[PDB]
RNA sequence: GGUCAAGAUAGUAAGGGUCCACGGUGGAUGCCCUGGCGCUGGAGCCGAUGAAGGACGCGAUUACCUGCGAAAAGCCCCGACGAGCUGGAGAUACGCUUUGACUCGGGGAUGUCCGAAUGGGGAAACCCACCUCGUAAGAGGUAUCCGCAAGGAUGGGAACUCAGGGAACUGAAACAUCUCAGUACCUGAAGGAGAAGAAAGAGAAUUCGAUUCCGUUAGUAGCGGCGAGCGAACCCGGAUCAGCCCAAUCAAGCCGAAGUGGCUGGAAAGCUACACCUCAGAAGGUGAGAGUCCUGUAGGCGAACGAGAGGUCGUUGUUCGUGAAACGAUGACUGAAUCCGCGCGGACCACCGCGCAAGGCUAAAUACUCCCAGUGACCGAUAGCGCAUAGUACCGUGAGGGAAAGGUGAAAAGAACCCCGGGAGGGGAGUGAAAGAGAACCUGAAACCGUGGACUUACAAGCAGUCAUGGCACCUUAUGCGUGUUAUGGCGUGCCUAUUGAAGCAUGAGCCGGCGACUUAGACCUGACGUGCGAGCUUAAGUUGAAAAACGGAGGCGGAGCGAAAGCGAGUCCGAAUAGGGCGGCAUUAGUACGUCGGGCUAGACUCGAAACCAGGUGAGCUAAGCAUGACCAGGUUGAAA
RNA sequence: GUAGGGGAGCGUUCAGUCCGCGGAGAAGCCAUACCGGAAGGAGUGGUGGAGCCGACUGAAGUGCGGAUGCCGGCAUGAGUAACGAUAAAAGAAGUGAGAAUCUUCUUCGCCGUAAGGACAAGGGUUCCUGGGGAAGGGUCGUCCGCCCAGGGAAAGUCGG
RNA sequence: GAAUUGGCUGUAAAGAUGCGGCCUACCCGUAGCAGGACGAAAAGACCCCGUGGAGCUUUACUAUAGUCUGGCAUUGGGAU
Ligand SMILES: [Mg+2]
Ligand SMILES: [Mg+2]
Ligand SMILES: [Mg+2]
Ligand SMILES: [Mg+2]
Ligand SMILES: [Mg+2]
Ligand SMILES: [Mg+2]
Ligand SMILES: [Mg+2]
Ligand SMILES: [Mg+2]
Ligand SMILES: [Mg+2]
Ligand SMILES: [Mg+2]
Ligand SMILES: [Mg+2]
Ligand SMILES: [Mg+2]
């Protein structure tokens, strides 16, 4: 008995192909090139996934120190005084608190000032 | 390429017999046998029809036209079936002809 | 001997062919036989170009 | 220039000929072998 | 709200991108069979009454095949079938046939020319003769080779068999003996089979009894640069079994049991409600899926005619390579007995034991598959033979090589008629279930070419992505957990191999499809797991059944080790007894058969790739020369001997 | 985590058994936002016109991106290079669906020890006549050495 | 291989359009040029490697056609 490769390779390749959308030119059209693109695509996917958390870390900091500097502190000073109060484990996403809510971050700045001198 | 030569290509019916139609269309409808073609298993019966045109680019009053023609058929039909419907006859014998067989199911006359 | 290095792309070739658009004849109605013919030429239809010239 | 092939009726025949191919038995070998090999026809008809 | 100023900001797409929609190109995939493949079985030679294979002919119309053969797609006799027939052929015309055509069997009858070719010649199918018979037309004879004569042979055959002749690559990781292997190749002879055969034997029992074949002995006994490697035979189990002469039933075929109504449908053999046969439910066909619709099947019958010696020298064979080399076999030279005789038993002698050479024949068990049949955890259109027929097209002076190849529809109903056009091609009409089947006619993938739409793009440095947010658009796993597109930000050195190290300016590759590489075999070896019996465990060939498996103890493995062996034995070895090697006891360690898998060995051994080596043939129509025989060199200048 | 060892599995063909599905439509093919730890597998939709899932076991010609791998088809270069001798053409006329290319006329240029003529060898109806316009013709084509049909070849003395 | 294919300087398997930093640069063509794409072409013919090959050579090894030579055979007689 003999089992040809019939109807197998094709389904496989279409599965590969289908991931490809805004993929430019032969990347979205020819198989081998597509699949191959999806190797490096693997790399960037996973690695930059672990990375995105570094990225948002960066963003929020970049905001918080901004509000801080606006009110007379800075990130070093503000977070120092915050931690210096066992009070605020506030920490995470405090950025938006500084962005949307002016008087709140004014109270946090004043408070963190108390916890310094 | 095969083709109707399946059977031993003998014929259960004859050129002169009256026959009705098993299955098909014109089921139950009947007619005299006109052409019996054994090899290609093709039976012409007077009852079953096709209305069909011939091509004359210029031929025989070129003036194209359409005919009333006969619908040629397969083994679907029954030989001379006496009690007023189709029935499948086998047995043979001889009566007034010692040189020949005959046919029936329940009856004896075809 | 100076061969091309890569197949040029669908996009690059279709880009080069960008300029090949045919420039459709600007036609004009013949004043005499009133059918459309061309400037500074004889109207093929009537044969009339300022009075009448070709045997039509 | 002048090619390899200079067609000759009394040559193509005097060698390769069924007669010629029958003159020797390595020839007649070629014959019957050619026969069984399907119908591969011998030069008098070729 | 009008003009100055300073700002910011949209849109346009020449062309591009992504997605979507719709075509085109192509022919993958699914379906199918009109074709293959090998298993088992059957059958097995044809030709001087002319083979095999062809040439040219034959047809109302004939180019290809088929079939024949100047009596030509046929002719006559017998048998069967009993309405059709007039070959593939689609096609008009002419007809033939119950005074039995056609078709199927069975004998004869004609059979052009070539070819063993055979009157003579010849570049096969052609050119020339002679002797008879005589009325021309036309028939008959005229090769050599055996023989009184009758008669026999020359040729052909896929594989198989015997024989004359006889390779190398390769292996020994180099290479001479060795291995490849008496393999391949050539040649001779012949049949359906051949070969072989009726003991001057095998052999160690005062056993056996022709040959061949299978299992087995047995990877044993042996041969070997004792290297690589090579490798019996007797016994025993089976298949089948004979020894005789001589020299003083199966083919044509015929017969065959049993269903109707309603329903979906284009169409039913399907569903359904009731019913029937079955020494017949194996199978194919019939508009779809079939016992009871056709052919069939089980069963039954069935014909005129037809089949069923010794030595020496050079050497060689078998396990036998010169080895202690016996024996058979011969090329040369030699060339004994014959019945108180003669050859053998592995140098040789005696004894002892088997055996009668120098003459022939001789079914069966065996091998093979051109052909036919039946089957298949065999292929199904890049598969399967190369061919769904082709050794054709096509390549070559030739020997030789060598293709792709399939699908309307259930039925031609194969599309009158109308419209654009010379046409091609399309659009209507009509048929049809379907023309979403229309003859570039099953599905119709991907590359690749277009048309339309959506969001987008004309200060931007780019492995084409990935992440994150915004804009626009869409809502059939689908109002979000979204899908499509996009603007900006962040990040970001193709894949593969080969490598110390690859984005590499190192390999490979245009793109998509399909083809495409770690197998198979043996009663081999060794392990893991699993089963069955278990101090025991199994069979091999074969025999008999064969919708099935049983029988078969010849043999193999355990069961005792030690040694160079004789031998001895829970002991055995070396040696004059004590030291040790091996080992049994163990404190206790069970096997064998089968299966799957992990390896090993022998074969191509994962697939692809050499330069080369050897055998048999084809080539001097190109070119290198010879031979025989022909042809050719305008015109002018120079001015030798005599 | 590379060679390498070990374990679980996914898919394809055939096979036996079981459950079954199909003209109110099978396989295949096409789209898809769902499921699954992955190989993968479902759901609905669109094509299609006969067949086919699933479970359990068994057997493999059983899984491709590469091998300058094989067959086929289709791209790139790109409407690029070329159209095969630098012996030139020109006008009228005709035909035709359509003519720079066919026909005729009138000129022009080219060979003229040839680029004329007659045979051999070889080719095999290419000749003539009448039609044709798919392909062949390097453009065109009404034309041809192309396609169709019918005709044509005559020897006592020439060559055998 | 696919490309959406600039410049300098540096780094990288040591000669970067594709890495870094800095400069430059609107979109698409046509005629041209040959510096780069270690541009194409041919599994480098040089060199080395292979217990690869083949032609040739000779006082390398080994065999052998051929040839010389003793005996035996055809192959006999007589004198000495
Ligand atoms: Mg535009
Ligand atoms: Mg050698
Ligand atoms: Mg070797
Ligand atoms: Mg189609
Ligand atoms: Mg790979
Ligand atoms: Mg160019
Ligand atoms: Mg140019
Ligand atoms: Mg043309
Ligand atoms: Mg140039
Ligand atoms: Mg180069
Ligand atoms: Mg090299
Ligand atoms: Mg050289």
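Note: ideal-geometry Cβ built from the backbone for every residue, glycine included; neighbour counts use all protein chains shown. Throughout, read-outs are computed from the coordinates displayed, never taken from laboratory work.
Things worth noting here:
- In Å, descending, principal axis extents of the Cα set of chain D: 40, 22, 17
- Of interest is the spacing of the C-alpha centroids, which for segment A:64-117 and segment B:35-56 amounts to 101 Å.
- Equivalent ellipsoid semi-axes - Cα gyration tensor, chain A, angstrom: 55, 14, 10
- Secondary-structure-derived ellipticity at 222 nm for chain D, considering helices only, amounts to -12500 deg cm²/dmol, per-run term -39500 (n - 2.57) for DSSP H runs with n ≥ 4.
- Most fluctuating residue given options B:44, B:81, B:96, as computed from a GNM of chain B linking Cα atoms under 10 Å: B:96
- Measuring spread by the Cα atoms of the protein assembly as shown yields a radius of gyration and Dmax of 48.8, 141 Å.
- B:85, A:37 arranged by Cβ crowding within 10 Å, fewest neighbours leading: B:85, A:37
- Alpha carbon convex hull of segment A:1-67, projected area averaged over orientations, nm²: 6.9
- FRET E, pair residue B:8, residue D:39, Förster distance 41 Å, beta-carbon r, rounded to 0.05: 0.70
- Between helix A:102-114 and chain A: long-axis angle, C-alpha atoms, 0 to 90°, nearest 10: 60
- Rg/Rg_ref, chain C, where Rg_ref = 2.2 N^0.38 Å and atoms are Cα: 2.17
- Each eigenvalue of the Cα gyration tensor of segment B:24-110, multiplied by 5 and square-rooted, gives one semi-axis; in descending order these are 37, 15, 10 Å.
- Ascending count of other beta-carbon atoms within 10 Å, so fewest first, for A:26, C:18, B:5: C:18, B:5, A:26
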